[PDB]
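Note sheet for the following structure.
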Amino acid sequence: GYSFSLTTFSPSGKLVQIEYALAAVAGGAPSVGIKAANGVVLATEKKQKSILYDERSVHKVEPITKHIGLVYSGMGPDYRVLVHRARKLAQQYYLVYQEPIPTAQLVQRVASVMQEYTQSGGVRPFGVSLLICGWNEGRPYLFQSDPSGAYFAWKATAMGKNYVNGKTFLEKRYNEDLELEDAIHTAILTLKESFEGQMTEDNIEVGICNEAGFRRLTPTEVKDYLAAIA
Amino acid sequence: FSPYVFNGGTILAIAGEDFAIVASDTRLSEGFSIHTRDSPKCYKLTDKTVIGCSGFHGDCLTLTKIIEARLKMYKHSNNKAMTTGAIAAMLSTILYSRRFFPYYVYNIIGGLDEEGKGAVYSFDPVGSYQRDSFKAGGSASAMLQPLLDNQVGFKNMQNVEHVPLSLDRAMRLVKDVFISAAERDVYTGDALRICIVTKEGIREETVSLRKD
Amino acid sequence: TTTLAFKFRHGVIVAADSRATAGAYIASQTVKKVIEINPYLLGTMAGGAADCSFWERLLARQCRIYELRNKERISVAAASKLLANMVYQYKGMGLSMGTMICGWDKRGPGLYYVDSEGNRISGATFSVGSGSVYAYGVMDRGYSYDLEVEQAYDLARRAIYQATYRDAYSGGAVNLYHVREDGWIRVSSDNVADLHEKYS
Amino acid sequence: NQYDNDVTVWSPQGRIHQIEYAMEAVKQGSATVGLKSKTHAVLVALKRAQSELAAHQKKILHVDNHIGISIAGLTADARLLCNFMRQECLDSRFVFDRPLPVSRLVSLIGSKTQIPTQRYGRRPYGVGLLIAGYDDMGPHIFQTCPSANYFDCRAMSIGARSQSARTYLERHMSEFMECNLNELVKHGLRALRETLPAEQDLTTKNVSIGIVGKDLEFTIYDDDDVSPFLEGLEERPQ
Amino acid sequence: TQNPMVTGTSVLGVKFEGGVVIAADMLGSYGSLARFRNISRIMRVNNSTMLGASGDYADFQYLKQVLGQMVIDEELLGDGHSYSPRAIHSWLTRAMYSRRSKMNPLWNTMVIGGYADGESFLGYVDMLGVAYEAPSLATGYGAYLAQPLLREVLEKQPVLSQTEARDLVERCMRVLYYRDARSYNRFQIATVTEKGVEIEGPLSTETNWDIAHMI
Amino acid sequence: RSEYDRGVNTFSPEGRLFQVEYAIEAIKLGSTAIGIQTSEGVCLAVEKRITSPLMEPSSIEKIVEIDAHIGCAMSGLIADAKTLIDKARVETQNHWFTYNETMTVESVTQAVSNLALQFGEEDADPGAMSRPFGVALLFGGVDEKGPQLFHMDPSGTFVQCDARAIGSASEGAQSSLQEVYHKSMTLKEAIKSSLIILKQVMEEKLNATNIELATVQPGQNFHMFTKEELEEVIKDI
Amino acid sequence: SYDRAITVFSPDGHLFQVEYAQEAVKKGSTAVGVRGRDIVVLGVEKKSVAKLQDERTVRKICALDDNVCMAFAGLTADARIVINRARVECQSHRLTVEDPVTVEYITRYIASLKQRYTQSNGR
Amino acid sequence: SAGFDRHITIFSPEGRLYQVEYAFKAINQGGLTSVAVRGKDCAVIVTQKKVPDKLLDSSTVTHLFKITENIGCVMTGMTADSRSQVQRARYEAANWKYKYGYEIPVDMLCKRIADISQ
Amino acid sequence: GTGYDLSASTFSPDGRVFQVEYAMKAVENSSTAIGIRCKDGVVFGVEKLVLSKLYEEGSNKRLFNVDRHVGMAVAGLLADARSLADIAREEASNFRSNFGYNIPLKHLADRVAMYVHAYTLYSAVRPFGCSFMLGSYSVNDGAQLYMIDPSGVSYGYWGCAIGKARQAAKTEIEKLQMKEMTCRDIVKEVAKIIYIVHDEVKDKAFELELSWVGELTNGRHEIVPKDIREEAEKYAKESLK
Amino acid sequence: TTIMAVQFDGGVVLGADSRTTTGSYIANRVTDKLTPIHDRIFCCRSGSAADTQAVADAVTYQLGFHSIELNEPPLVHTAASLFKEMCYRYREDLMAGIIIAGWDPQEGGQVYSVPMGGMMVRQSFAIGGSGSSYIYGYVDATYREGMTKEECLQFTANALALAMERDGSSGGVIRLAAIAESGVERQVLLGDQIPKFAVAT
């Protein structure tokens, strides 16, 4: 196998392939994460290129643990690999400590794996950016992981296509004292700022995390919220 | 489970001024039963050296095949034949290379040195060796040893000249001591294989022994 | 098998017998128990003859390697330490060996005792073997640093003679060596019965 | 060129160039002639000396009592392959207590030389070997190449200027089966003489002879031993 | 294998003018129990070699597919070379010495028969790699019962015909069935000659019990 | 395509490796050495090429002792041939251990020649080599076949030579050896002629400091000539 | 594992990487060693030390064994690796031999290590 | 294009792996079209069976492949990758049955195959 | 374009692998070998170009015995063909050692297909330069015959032709009432087709290698005997006048 | 533990007990020892429960893999070869006796026995297990050649019930399978359905 790193310094001192993966992320689907006072909401576009797709067969918002969830922007299978890695790391932490894994530690370990994927020979950095939500110590947690392997803790953030407009919209519409329902409303409205076409309960995916843990919104609740907002 | 079986056998070698004689019994046995009456334990190494190996017969065959492989390897490597002291070095190193799992063999090397003189080398199962004028190995070794010690080596003797060893006296001595070996050692009998190494080469003969 | 060695004002005296047995049967009476490692270093052999011979031969190979690579004659102490190193690895797997390394180096006459048990002792006087105590009793009376060459020869020869008279596994012939500043010399190889007739 | 760097890269016409450079290295070496009778196999090899103060390079390698090898090309690759097949003969005598058959041996030679032509970054062994052998079915003259192709020949010549020797062996091909050992060696000497320039003739110093067959171990005659075989050779007709 | 579980009993073999005849019964004994009565212990290698053996049958079954594989390897080249009985002797000796060497030997003792280049061949390989050639060979209790009769016949007549050797091994198996508690009155006889290897199936010997009336 | 972009095993159109040709070219940048084989022994004489008055001449070693009956003479890179001479010494002691006898000079020659072409970049063991040695060696010794001198080159080709010269002035000194050697030539004549040829091929004045001389004789060990003996050998030249 | 040969033959036979290392040596500070009769004296040219920089961390003179010391010219960290290897070799030789090293022995070892770094891939 | 992104699977300046699109353009080299439709109570695959030579065995030139009893599959692309992917899918189904003790679901098996593709 | 035709691990912009096509062309400049499966066996016929008269009879064999019931027919580089023949022999030996009976020819063809195409995925190895044919007979499966190219694709065939003159020999095979007609005239028609497709102007005089497997040898693959070979040779020569 | 099988014209009949013990305590009384390998290939296990279960599962997995690969029904001989290889290769750690009976269209119904040590042989009827040794004379005295399916079942039930009565390691119920062209038919005899034998002393 190749022991030569595919990610090397340019003469300018930059990592060009990390910029390439960031450009791939900017071509990805939007992912809006809002940390409310009692949970974190993650919402994403789930637009299918045809009606023949089985929408409920393949998802984009998945739970690592009961109280930890994740959404991405970028490449699907790389995101699937990172979900595999994150679930295995969280279960490793559970085997060692028999306690629920803190969100920041899972963020640290997933970021470390995706960091060494930017250094190891013959491998490529993942074309994903991640929004990781969780609840631990009676507190909600929201983080982002970048193709550079860096990770930033966020109260509200937007990724994917038209991420600048989503970030400006969230800056204009985030409050610390926001409840969970209002965070859901703001996340769906932020998805409306970058969506093309009429929104259904099938072309988006929303999950929330609170003191009861992390779970995904059913299409009944999604269509109820969509009827409430519009 | 036991990996070693004592198959019996008595070998002997004597060194002369320009010749050597290597003799062996032909009986190969186990316990109180004879496998075969014709197993001569003198095998040809070179034009000037004969090996003699007794003990575990599978170990004897392994020693012969390993030593002939090393023979041919040296002929290809250095484009010349053995020297007898180097053969002794090869056998000693081969025996000691498996000190934790030894060959159950007693070995003698008989032939000519680089000056044409007789050369006999005695070995143990675990690699010790020495050059001697004569050596008896095998089951009946220690019985045939003092006959060479007093007749050829002149021990416990008084007031007669140490005469040089001729060929006829040597072969008569070997025949008589192996007749005595057949008469007492139960693994010794049937026949006697004798080879004589001189500058012209190595010659062979066989003497019938007792069959019980 | 009884070997002895002692340092004194003119060098090192080494003495040995030549009897080797296989069990209760005397295998031979002409076995050389002193190896000539180099023109300035000798080594003794006592116990397992194959073990002693092969490890002393490997010591000769290693000291010749050192002389080739560093252009210097090996000291007694370094040779004994490398001997203890390569026998220490095979400790506990059945090695039976006891040797004395004698020689002359930059520090002068050097004598060391090494075994298969990892012992490496410096001392002026040593003797190894089953009948080593018989040699010890004679030499503790005979030894002095101010001894000359001939009475040291006689003391070593008499001690080996007493050991061969008192030990069943000791006999054959007495071989003597004298390591000096110019190297070792071979003194004599005298028969035991002639020594008994001489000392009677 | 773009397709002459590696053995795994294929030309549009379907040829591997590096193997052809290996056979050109074989053609760079001096000439040897392998020829067999009904009972004998003889290799006549032309030895070369790098200088007048240097001895002639050895070209005939004896391996077993029934098998000998003459080389053409790189000497070290020939040594490596020759030692591998030496230990193959040693293994056959060790396990089977029989001489190794020549045909399966050279099949294994082709099997080994198959692998450097298919792996990345590795070169074929740039030497071509003429093989004198004997087994129960008779004597054999074989040839092996860096292209992992082996050929059975009644007579063969390889090396520098071997085309004239090949013509000479082709012109007398029906006689070699009935020629005796002396006539076979004389024919091989004349064939190797056909490789030589018109200003130089066969000497004892540059000819090696390797003979195997009935009542004959593979013996290498060199220097003065070549002198009786040079006797009786006719001069070159104009 | 450290413990042979079901074993094979005595196998006999003897030379004659033009070939070698080897005979053995099909009794696989479950220790003391006569478990299997129709399992062949005499197997043909090729046109010029054949084997019989005593001891564990799973190990010799393994020996069967490995010998068949190396034989088929021989004719699949198509060079014309074939495995001589002496080469098979050498390979069997190397294999058994190797198996004894790494402390997991094959619990089988083999009588090997052959006829090649106008010469007969009979060889013996034990469980520990000791191998030797003899005109008449026997295993187990046969090595204490039949081979005295074989040696007595050979001392007064070294050269036999096929019918003489057949009668001799028939008498030897009558003695073996009379005396071996691990024997059975149902055996196969095979013969290796220039025409090849021939195996004969349903063979039993006559039994005499008149001595039981001599009380 | 530059010449640096091809592998170490890449063949020339003539059929040779480029790296061994580069090593053969690097032979010509080394010091001048002459070995002469006589019936009285083999003599070796190598120029030190002292490049500075601060350079210690005794720190310049060119002639080495393989073992007590075999010495060697040098042309080429010092750092590679140090490892080659160490390999030769280890092989001599290996054969002295296992066989209880010394090998021939020729056995030394193939045992040192067989590691010359063991270089490669692909599937290489830990301990392998990226470039062949640029070292040519002259082995002079005494064995059971008499005094012997051999030449070894980086290609692995080893030959027997009655009188061989290697180094920068190898061709002219070889022609000089051609016009001074005969089969009835003594060891003293070999020493005198070899130093005469070194004097005519070196760019300096020949003195006892910038040359090394050694002799191997039957019945004698390997001998290093001292500076005084070098001076009296110089005296009649 | 990285197995790219850094130093290879040029067509004129020179080794460019060793020459660049020699240029890096010549860029380094001057070190002079003089052997006296019962003394050896080393002297290195101290660079202009920064006013807030400690002079004990920039010492170019270090000992390799209790009788053998050294001075270097070149990169400081590579010299630190050389010194550490020399120290562990001196301690290993003292363990193996029960004698301290000689100057020629440890010099031969460190230069053999340097030449080994000239004769491998990825190094 | 930057570097060897056209030759191997490394990112373009647009962030696109050209070898994936080359795999897409190697899919259609077989010249086939397979249609798989889910019914209310069935699933049906229809593919092309091109037999241009009558010497070809019609029983051997096929694209409908059987993983296990319950799961079947239709294939697009070239034949060696076709047999390789169906063999790996059969091996993964057998490993699922050997580990988890039941027949592999279709979604799980195609997830494993696409992960191998990743 | 540049760079797409150097490795077997890179595609063309159209989606092609140039190294596999170069392996196809290295097949297409080799001598013609045909193989026909009929009602009671599989018979192979190989045109062996005698490039030099110094070679002995029996040199450069393209008919191999893969197994005691399985025969082999190659066209291309002989070294790759011999290596793949050894691979197939080892696979048959492995099948016998694991299972204890004769290997089905579809199975062994699949295995050699897997071992051929597995080297067409990498830049570190090259595709083989040889197309080949496997032919076997058994009582239960009858006669079966398979075609495998360097691309690693196995196709069942009733009869096939490869080499320089694969199209002409294929059309000649297409003209035969074949599924009912015996091996003893299969071999004669193979001789006729091989002598028809050989071009005497552009190639040297050749040898007609011939072999079969089927009921007449109880499912065993063997080379054609001398008298039958010269009979088929005389029939083929008498069809050319 | 008692297991056996009889071959008839048309297929095979497998019969077994159901007692599985460790020591003198009955761990289970209703263990199904007629382990299915394939749809018309069954095996009978005696000895160590874990070893027999592991080798049966491994052979079933491998046989399913090979039958899918070849796209053919598995031969009973091929399955028996797989059992023979696994039992011979691991003969120093397993205590297992397997009686493999099945039907294939190529060779009809076949019985093979893999005893301790890993031997392989084909037979008309195979007996194995702990109870096996107590019925040999009976099964050497009652079997007849060319024997019918239902009377193979009757013979199986009688020999099984005799081993039930004699062996303390045999117990529980009687389990029967019949493999033929129509497939596998499975039956359980219990209580009065077990064939009784007169023991009156």
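Protein chains in written order, with the entry's author numbering: chain h, 5 to 234; chain s, 30 to 241; chain r, 60 to 259; chain l, 4 to 241; chain t, 46 to 260; chain k, 5 to 241; chain j, 2 to 124; chain g, 6 to 123; chain m, 5 to 245; chain n, 35 to 235.
Backbone N, C-alpha and C define an ideal beta-carbon position, used for all residues, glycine too.
Item	Value
Where m/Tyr26 meets chain l, residues with beta-carbon distance less than 8 Å	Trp13, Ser14, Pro15 and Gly17
Reference h/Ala234, options h/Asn214, h/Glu103 and h/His189, closest by Cα	h/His189
Which listed residue (m/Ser97, m/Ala117, m/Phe99 and m/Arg86) has its alpha carbon closest to that of g/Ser89	m/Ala117
Helix, strand or coil at r/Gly196 according to DSSP, with G and I counted as helix	helix
n/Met120 - containing alpha helix (DSSP H), residue span	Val110 to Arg123
Other residues of its chain near n/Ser216: CB distance less than 7 Å, five sequence neighbours each side excluded	none
Bounding residues of the beta strand (DSSP E) (the contiguous stretch that carries s/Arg222)	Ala220 to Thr227
Length of the line joining the Cα atoms of r/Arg200 and r/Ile96	30 Å
Closer than 9 Å at the beta carbon, the chain t residues around m/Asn69	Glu120, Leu121, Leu122 and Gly123
Contacts around l/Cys156, its chain only, beta-carbon distance under 8 Å, and the 5 residues preceding and following it disregarded	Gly37, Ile144, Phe145 and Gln146
Straight-line gap, h/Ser54 to h/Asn207 (C-alpha atoms, nearest Å)	11 Å
Listed by chain order, chain r residues near s/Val134 by CB distance under 9 Å	What s/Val134 touches in chain r: nothing, since even the nearest Cβ is about 14 Å away.
t/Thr252 versus t/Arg82, t/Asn230, t/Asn92 and t/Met259, residue with shortest Cα-Cα distance	t/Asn230
Inter-stretch contact (C-beta, 8 Å, three-pair minimum) for the stretch 164 to 181 of chain n and the stretch 216 to 234 of chain m	no
For l/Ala58, the three-state DSSP class (helix, strand or coil)	coil
For k/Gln164, three-class secondary structure by DSSP	strand
Cβ of g/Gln90 within 9 Å of any chain n Cβ	no
The stretch 76 to 98 of chain m: positions lying closer than 8 Å to chain t by Cβ	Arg93 and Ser97
Chain s contact for l/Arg107 (CB, 9 Å cutoff)	no
Beta-carbon spacing of n/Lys118, n/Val148 below 9 Å	yes
First through last residue of the beta strand (DSSP E) which encompasses m/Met137	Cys134 to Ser142
Distance between g/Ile15 and h/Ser152 (C-alpha atoms, nearest Å)	16 Å
9 Å Cβ cutoff, m/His121 in contact with chain g	yes
Integer Cβ distance of n/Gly49 from n/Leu194, believed to fall under 8 Å	5 Å
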